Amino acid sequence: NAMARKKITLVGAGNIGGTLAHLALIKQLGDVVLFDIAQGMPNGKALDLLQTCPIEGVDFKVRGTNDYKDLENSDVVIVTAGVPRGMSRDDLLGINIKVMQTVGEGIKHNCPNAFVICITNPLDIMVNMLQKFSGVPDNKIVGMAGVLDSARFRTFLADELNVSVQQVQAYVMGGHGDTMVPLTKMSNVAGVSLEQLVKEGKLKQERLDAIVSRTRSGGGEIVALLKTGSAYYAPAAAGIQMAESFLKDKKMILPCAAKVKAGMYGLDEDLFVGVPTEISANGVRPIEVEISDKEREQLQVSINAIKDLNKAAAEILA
């Protein structure tokens, strides 16, 4: 019985979505469906992308759609849809919870066994909402966030230290910005921890602090530069990295927004939290690593922000 090609569906055909599509084709991960609510635009992007394929020697296809039925049989669904943020935090959540409702039902009704990667903001709460309305189990939904902060952090360290990105490992948990927890003892260059590099005078403590700080603010930095819109190349790269670990059963461990069970990281209740997460053919699984008292106090900031958003979201739903 002939084997079906892999099928990746991208819900949201903006710049991040088109970039996801392009990477999926180049890496030959499977057929691609580009979904967007906007008429014509997803088709136009699909067609353009499809026409790259003869140049690259690729026979996977890409098609545009405004219809949720076309999510059928998707192995992976990657969600970038939503409305960007003088709009209140209440109104923002309201509009996007709605969008997560629509996307979620689409998933529920058309590919309930898909692996679901959420990129929509605010990621802290949107990943929870998208599970809630799609009904997918804990191990089949994950949010992209840590991998981007880590890519940024690695980028900054590689340039500062003049070393390959392949020897730079940057570890984070928590959210973005002031909710990001940098794991500076475990982060290392070719096995030498960032704190050891300071102690050795190979890296100024000031430089390290500036790099951490620049990583916290990295999205905003690109926004200020772009004048219009936000980062999309690195975010897409992160999403595909994650998708690829699922599709190729790689068992990578990556900082992602994953539902963590009560007890792990001293949590009182199940919560989506940015934590090291295994990604395999079996979906995702959070990993508990030992962290310092300081890093844990910092993790508590994110947990408390997330709890606050969960409460606001509950109120909106009632």
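When you see a residue number, it is the position in the sequence shown, counting from 1.
Coordinates are given for every deposited residue between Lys108 and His109; the gap count there is zero. Mean CA B-factor, 90 to 98 versus 219 to 227: the higher value falls on 90 to 98. Looking at 71 to 79 and 200 to 208 together, the entry lists the larger mean B-factor for 200 to 208, computed on C-alpha atoms.
When the C-alpha B-factors of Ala46, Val58, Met252, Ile37 are ranked from the entry, the top spot goes to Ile37. Each of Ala236, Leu123, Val165, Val116 has a CA temperature factor in the record; the biggest one is found at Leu123. Per-chain ranking of the deposited C-alpha B factor places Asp178 in the highest third. Per the deposited record, the Cα B-factor of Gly30 falls in the lowest third when ranked against the other modelled residues of its chain. Ranked by C-alpha B-factor against the other modelled residues of its chain, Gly146 falls in the lowest third. Among the modelled residues of the chain, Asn282 sits in the middle third by CA temperature factor in this PDB entry. Ranked by C-alpha B-factor against the other modelled residues of its chain, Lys132 falls in the highest third.
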